[PDB]
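First comes the structure, then the notes that go with it.
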Number of protein chains: 4
Amino acid sequence: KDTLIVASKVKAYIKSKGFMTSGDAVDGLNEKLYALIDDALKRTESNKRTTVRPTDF
Amino acid sequence: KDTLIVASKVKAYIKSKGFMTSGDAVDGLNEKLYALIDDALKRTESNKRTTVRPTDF
Amino acid sequence: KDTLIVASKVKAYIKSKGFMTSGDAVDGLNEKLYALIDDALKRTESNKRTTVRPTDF
Amino acid sequence: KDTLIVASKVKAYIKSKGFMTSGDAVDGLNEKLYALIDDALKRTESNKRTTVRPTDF
DNA sequence: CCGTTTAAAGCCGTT
DNA sequence: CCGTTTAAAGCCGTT
DNA sequence: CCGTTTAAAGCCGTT
DNA sequence: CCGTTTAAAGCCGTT
DNA sequence: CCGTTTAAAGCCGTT
DNA sequence: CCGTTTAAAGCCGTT
DNA sequence: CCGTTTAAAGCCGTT
DNA sequence: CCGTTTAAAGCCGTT
């Protein structure tokens, strides 16, 4: 639902590597980010934890 | 280098799924995000493109 | 459906790094592999291609 | 080093989805698979475990 | 297939 | 408890 | 065609 | 917001 | 140009 | 292994 | 910033 | 021990 990334920051970085960002690239990256977090929450739970660690991503 | 994600938004979502976020979780997620983008830029280039599309992620 | 990985080869490698493999680890890795390929096929198609390249993974 | 996937099985599946496999696609998929396992071994260790579980992938 | 044994899970008081 | 792996069982042609 | 970005428009307190 | 312009898409004959 | 796949070549015991 | 053929790459004018 | 408190880590005997 | 979050402190224009 909510945007979790800083579009301007992402475009800044992509530009710095000699590339451009499509109108719908950020929405797509945001979908991948949710998938990462949802994957991480399943790893947290399978380790009997309530606290997500960097290693769970 | 730069933070690309909204820590507060990430913690909000993780909380809503009945979990907590570690002090260093967001920095870890930020590393994964860079890896996603760096992977995507290699896909853009291998398709002879300068414009990153959502599909490249 | 079909197993795409060499269980014995995977266990060999995991052992060589000083770790063991759970009874259901390989089935789980096989699920991740399918997800990688299904992701790659969507990248192939979005580039108007029928031939999957290493870069699509 | 070692091939961990069944090239013929992978090509079989990719064919069944209406696509072809490049000469160097399988080597590329094999690299991604190693990256998955190396990622999984770091998750195993950070949970103070020696036994890789499906959830670690 | 099975025995050996290493490793994970369980319990509880501490951080 | 469970994964690893050594060892036993099975099959068949020889002694 | 489309993404980037420069430039114009909008708002308000000053000249 | 909009103009500029770079880049992607389209078409077709070759590899 | 390249990937797919059909077809030819190789090996050996039979006719 | 090799022939067939589908698909990707190349070129250029348009969007 | 800080206090509250939930959760993770530690220890050891069991599976 | 640590993450969450409530509460206190800081800044400034008013009473």
Side-chain angles (χ1 to χ4, degrees), chain A residues 7-8 10-28 43-47 49-56, chain B residues 7-8 10-28 43-47 49-56, chain C residues 7-8 10-28 43-47 49-56, chain D residues 7-8 10-28 43-47 49-56:
Chain A
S8 51
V10 178
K11 296 210 193 219
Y13 179 74
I14 290 176
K15 187 183 189 292
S16 81
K17 300 298 171 170
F19 292 92
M20 293 179 169
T21 304
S22 77
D24 59 346
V26 166
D27 293 321
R43 295 203 190 87
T44 304
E45 192 163 17
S46 80
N47 287 295
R49 275 187 288 106
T50 77
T51 313
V52 188
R53 297 205 192 115
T55 49
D56 293 330
Chain B
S8 51
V10 178
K11 296 210 193 219
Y13 179 74
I14 290 176
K15 187 183 189 292
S16 81
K17 300 298 171 170
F19 292 92
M20 293 179 169
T21 304
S22 77
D24 59 346
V26 166
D27 293 321
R43 295 203 190 87
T44 304
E45 192 163 17
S46 80
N47 287 295
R49 275 187 288 106
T50 77
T51 313
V52 188
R53 297 205 192 115
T55 49
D56 293 330
Chain C
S8 51
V10 178
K11 296 210 193 219
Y13 179 74
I14 290 176
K15 187 183 189 292
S16 81
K17 300 298 171 170
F19 292 92
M20 293 179 169
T21 304
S22 77
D24 59 346
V26 166
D27 293 321
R43 295 203 190 87
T44 304
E45 192 163 17
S46 80
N47 287 295
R49 275 187 288 106
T50 77
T51 313
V52 188
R53 297 205 192 115
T55 49
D56 293 330
Chain D
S8 51
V10 178
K11 296 210 193 219
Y13 179 74
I14 290 176
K15 187 183 189 292
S16 81
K17 300 298 171 170
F19 292 92
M20 293 179 169
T21 304
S22 77
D24 59 346
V26 166
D27 293 321
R43 295 203 190 87
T44 304
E45 192 163 17
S46 80
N47 287 295
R49 275 187 288 106
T50 77
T51 313
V52 188
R53 297 205 192 115
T55 49
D56 293 330

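Side-chain atoms are counted along with the backbone in the values below, which use heavy atoms only and exclude waters and symmetry mates. Labels below follow one simple rule: chain letters A, B, ... track the order of the sequence lines, proteins then strands, and each chain is numbered from 1.
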_Gap between atoms CZ and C1', on A:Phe19 and G:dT4 respectively (whole Å)_ = 17 Å

*Return the value, rounded to whole Å, for the distance between atom CZ of B:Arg53 and atom P of H:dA8.*
7 Å

*Atom-to-atom span, CG of D:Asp27 to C1' of I:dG3 - whole angstrom*: 15 Å

_Spacing between B:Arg49 atom CZ and J:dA9 atom P, to the nearest angstrom_ = 13 Å

*To the nearest Å, how far apart are C:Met20 CE and F:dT4 P?*
6 Å

*E:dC12 and L:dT4: how far apart are their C1' atoms, nearest whole angstrom?*
25 Å

*Does G:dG3 have OP1 or OP2 sitting under 4.0 Å from an N or O in the side chain of A:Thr21?*
no

*For C:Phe19, does its backbone N or O pair with a side-chain atom of D:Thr50 as donor and acceptor, under 3.5 Å?*
no

*Under 4.0 Å: is that the gap between some side-chain N or O of D:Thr50 and OP1 or OP2 of E:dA8?*
yes

*In whole angstrom, give the distance that lies between atom OH of B:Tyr13 and atom P of L:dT4.*
17 Å

*Ignoring backbone atoms, test whether C:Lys15 places a side-chain nitrogen or oxygen under 4.0 Å from the OP1 or OP2 oxygen of F:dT4.*
no

*Minimum heavy-atom separation for C:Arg53 to B:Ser46, with atom names?*
NH1-O, 3.7 Å

*In whole Å, what is the span from the CG atom of C:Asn47 to the P atom of H:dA8?*
11 Å

*Hey, does A:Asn47 have a side-chain heavy atom less than 4.5 Å from the side chain of A:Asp56?*
yes

*asked:* Tell me the interatomic distance from B:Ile14, atom CD1, to K:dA7, atom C1', rounded to whole angstroms.
replied: 16 Å

*What are the two closest non-hydrogen atoms of D:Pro54 and C:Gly28, and how far apart are they?*
CB-CA, 3.8 Å

*asked:* Applying the 3.5 Å rule to both hydrogen-bond distances, is there a Watson-Crick or wobble pair between E:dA8 and K:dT14?
replied: yes

*Counting N and O atoms only, with roles assigned by atom type, does the side chain of A:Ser22 sit under 3.5 Å from a partner on the main chain of B:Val52, one being a donor and the other an acceptor?*
yes

*Any D:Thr51 side-chain N or O less than 4.0 Å from OP1/OP2 of E:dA8*: yes

